[PDB]
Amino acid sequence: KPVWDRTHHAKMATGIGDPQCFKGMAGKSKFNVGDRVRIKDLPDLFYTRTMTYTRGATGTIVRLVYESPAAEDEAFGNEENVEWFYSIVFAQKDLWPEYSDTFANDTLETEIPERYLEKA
């Protein structure tokens, strides 16, 4: 019985692009460039794109990259909600206990949707 809509995505993104097609749908961003945020350890049952190695770590937001449904929703065909995505920079020493002080300036940058962030 189920009927799958095979034209929805194309109709919405053609001539615009993804994630451009979701622009403006997230409303006002909760955080700004420069803010220090800690990654919440939200349940990861079945799916997540927020790597386990980042959970509980604190980093700095360096860019509000775009707006898009969270992968946790998009991957199951749920695109009703759109949120801000942030590029965050972590100090390597804050991720890996054994990281050498000799390489004190090394970092890791990755993207995380707003739902995983909390003011540090």
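All residue numbers refer to positions in the sequence shown, first residue = 1.
Asker: Regarding 29 to 37 and 73 to 81, which shows the higher C-alpha temperature factor on average in the entry?
Answerer: Mean C-alpha B-factor is greater for 29 to 37.
Asker: Pick between 5 to 13 and 101 to 109: the one whose mean CA B-factor in the entry is higher.
Answerer: It is 5 to 13.
Asker: Within this chain, which third does the Cα B-factor at residue 55 fall in: lowest, middle or highest?
Answerer: CA B-factor rank for residue 55: lowest third.
Asker: Taking the C-alpha B-factors as the PDB entry records them, is residue 93 in the lowest, middle or highest third of its chain?
Answerer: Its C-alpha B-factor, which the entry lists for residue 93, ranks in the highest third among residues of this chain.
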